[PDB]
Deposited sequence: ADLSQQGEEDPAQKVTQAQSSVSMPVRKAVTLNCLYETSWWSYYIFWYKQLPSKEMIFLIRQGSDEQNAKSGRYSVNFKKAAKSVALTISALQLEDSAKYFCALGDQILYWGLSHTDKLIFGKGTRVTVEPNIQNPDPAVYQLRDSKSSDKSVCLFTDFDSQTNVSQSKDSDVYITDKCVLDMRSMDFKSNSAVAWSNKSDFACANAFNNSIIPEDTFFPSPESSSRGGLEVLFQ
C-alpha cells in the first residue's frame, strides 16, 4: 500500500517564529524518498528538500526535516518564516514499481497539502475604520494588530474580505487591511464589522 497523509488544517504562525508541518506515509518499499514542495498563490510548484530513506536527517537552508523511520513520519520545519513563505505545502513520496530500482517513469504520491499563512507582527497598532468615496462606496479597516481575527459577514447582502498585508519598501512600514462593501444605499460603516472581534480602541471618523 502506497499512501501519504497530511492531517494539518491551515496553520498560522507569526514571522521570526518556527512552524512544523506534519506528514506521515505508508510504503511497502525497503528503500524510498520523501519530497517536500511549495505551491505559490500563482500555482507555481517549487521543490524544497528531499529526505532519503537510508539518508540522515535532511536540512538545507532554512528548511529542516525530522525523519523517523520506524514511525514513518517526516516533519518539515521553517525557522525564519518570512512573509514570502506563505504557500500551501505538500508532502510527496517516490513510488517504485520495478523491483530493481527507481525509474524515470515513476511518480510522486501527494498529500492533501497544508496551507501556511504567516502573520506580520505589528509594531504600532492604530485600529480604525475609514469610509472611502467612489468615483461616480466602501468601508475600510486598516492598521490593526495581526492578532485580530476577521470574521466574514453574516448578511449575504454585505461582503467582507480577509486581512491583507501591505508593505512599503521605502518607509519600511507594514500594515494589515480589510475591505467591506454593500449594495445597500443606507448601509453604514459603524455597523459593518460587528461579527468580527475588534479592539475597543478602534477609531471612527466624525461622520459627514
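Gaps without C-alpha coordinates occur at 1 to 11, 148 to 151, 224 to 235, with positions taken along the deposited sequence from 1.
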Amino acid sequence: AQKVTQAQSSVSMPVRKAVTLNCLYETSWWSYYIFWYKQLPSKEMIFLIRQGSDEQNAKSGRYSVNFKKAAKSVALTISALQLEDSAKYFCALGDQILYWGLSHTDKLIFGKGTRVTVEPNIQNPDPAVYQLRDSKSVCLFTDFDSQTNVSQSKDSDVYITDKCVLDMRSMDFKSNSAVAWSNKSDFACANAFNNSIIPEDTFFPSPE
From here on, numbers count along this sequence of modelled residues.
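Legend: mean Cα B-factor per stretch from the PDB entry, 111 to 119 versus 89 to 97; the higher mean is in 111 to 119.
Per-stretch averaging of Cα B factors for 177 to 185 and 50 to 58 places 177 to 185 on top. In this entry, the residue among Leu40, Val158, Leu140, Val65 with the greatest C-alpha B factor is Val158.
Comparing C-alpha B-factors across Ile34, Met168, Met45, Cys164 in the deposited entry, the largest value falls on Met168. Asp106: CA B factor in the lowest third of modelled residues in this chain (values from the PDB entry). In the deposited entry, the Cα temperature factor of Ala71 places it in the middle third of its chain's modelled residues. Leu21: CA B factor in the lowest third of modelled residues in this chain (values from the PDB entry).
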